[PDB]
């Protein structure tokens, strides 16, 4: 009969409320979720959907009371809505976490409840979740509890509370290309890994740009039709000794030939130390079978795999569980909305770390990739998420990009980190260091 209620303020960032609720739900009998109603005339959207997700993923059920506020920018209206809608039952403890919502919502909800329950029969408590030091702080009470390593969340819950659905991703055991280059993926992977370990990445990248991309990536679907491909080849042969084809046949490094010859016999782009040039007979379907997957993987997907493989090891040493706290090829969508793609995701406690990968050394493209990773992690994991971009650029460029796209939030730790070509061989350690600090 001594009811204890926890009050949470539902803003546009559902994560903090989830963390606080997960930590305190066991000690409370009722939960009041104060949220915003929708009034387009005042440019105010509703946070009800967030409140619903919070109730669902925290299993509040019938203990949850939803309190709607008409205007979250007006004190008068907030106070009035409170006196009219706030639960009237007799409580012995009212706990308010005022981390979320508008500043006016926080001030007037706090003072309203402090007065309504000033009776010493009722204990009033105020809490705040600090995003900078991952701790729950109580008002007037030195008691400070770090929730950084105590509250955990899985990828599905994180995306769900942020209104994302149809979440799909891959495991190391379920990598798509492992099925496409069956019986050969492992050799292909090791050959590439050995090269990266031998500081050969920059050479591989340069070769991929020229002569590889000039040959296999010059048109929209040249590798889909034998005709166009043979034409592209014929055209290139006109440039003679400067042709990309000659460069491929005469100046391709041995380590690259080793990687190329690690592919299955029916999926190789070369016939000996020569480019395989389809004859007139080759069927368009035959061509695609032999070159599509191979070219796509070599055009970059390999880097994603390599970095993932380097990180899995270290993350297993830690408590992270694949599928829940880390994965590759993440895709999801908001209802009736276009899907997104994130190469690698990692969750440290309740912080999302998104990793985008590019083999590019060019400043312009890498810059754009940075904007992308920053926006995506914010959309799917919240405003306190970290974004990491792994590029094929040198240190000076990486440092410049970090300064270029840096945005201030009040924290001393960076939320946008850029790695470069010199970090590839030891990328796993570099990631472990940046993520787990």
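Residue numbers count along the first chain shown, from 1.
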| property | result |
| --- | --- |
| Between the two ranges 384-392 and 60-68, the one averaging a larger CA B factor in the entry | 60-68 |
| Stretch exceeding the other in mean C-alpha B-factor - 188-196, 240-248 | 240-248 |
| Residue, from 101, 338, 266, 354, that the PDB entry assigns the highest Cα B-factor | 266 |
| Highest recorded Cα temperature factor - choice among 344, 122, 105, 298 | 122 |
| B-factor third for the C-alpha atom of residue 431 within its chain | middle |
| Ranked against its chain, the third holding the CA B-factor of residue 309 | lowest |
| Residue 399 - Cα temperature factor, lowest/middle/highest third of chain | middle |
| Residue 26 - Cα temperature factor, lowest/middle/highest third of chain | highest |
| Residue 162 by Cα B-factor - lowest, middle or highest third of the modelled chain | lowest |
